[PDB]
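Take a look at this single chain in structure tokens; it is the form solved without ligand KAN.
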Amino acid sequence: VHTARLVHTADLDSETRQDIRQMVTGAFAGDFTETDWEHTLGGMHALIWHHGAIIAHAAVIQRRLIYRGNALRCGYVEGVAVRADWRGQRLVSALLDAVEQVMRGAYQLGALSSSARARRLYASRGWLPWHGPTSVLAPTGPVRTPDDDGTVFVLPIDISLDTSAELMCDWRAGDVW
């Protein structure tokens, strides 16, 4: 059994920070860009090592998601990756056990964007698929992000959420979800 360790970005020593960046970049099935790397920073990284090398990573960063006029405090998951030689060993579950613990202890909900493949994993853990329109609060005002519809999942922490409502994330460069 593997258990993930939660390390804040600030506690990533240089060697470890570089190892995570390259592992995630080399494992992500999406096109993981420099801006996607930047989106993994600022919060808590769930890490698993094997004999000195990083083999699994998931970060949970803090942002706001606006739901019916309220800017909810969100733990957003980024950069979930397991090194190719370590897949099939339930490491993703271990990473999610760690970031969900952070959500329960610090946020009003967790949220993430899922690969269509991975949808079943998140649903099996209790995450709910968002059905309403997603959008981002851009500098010009709200902008709908339909390409992201159907990819967002939420893990409310003791709050109710009508998942058919709009969910508007806050702005950043690159992929907003």
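Residue numbers run from 1 along the displayed sequence.
Just so you know, the form deposited with ligand KAN bound exists too; it's not on screen, but the next bit is about it.
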### Proximity of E34 to ligand KAN in the bound PDB entry, heavy atoms at 4.5 Å
no
### Message
I'd like to know if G75 sits close to ligand KAN in the bound PDB entry, meaning any non-hydrogen atom pair within 4.5 angstroms.
### Response
no
### Query
Within a 4.5 Å heavy atom cut-off, is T151 in contact with ligand KAN in the bound PDB entry?
yes
### Message
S115 versus ligand KAN, in the bound PDB entry: is there a non-hydrogen atom within 4.5 Å?
### Response
yes
### Task
Let me know which residues along 141 to 177 have a heavy atom within 4.5 Å of ligand KAN in the bound PDB entry, or say none if there are none.
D147, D148, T151, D175, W177
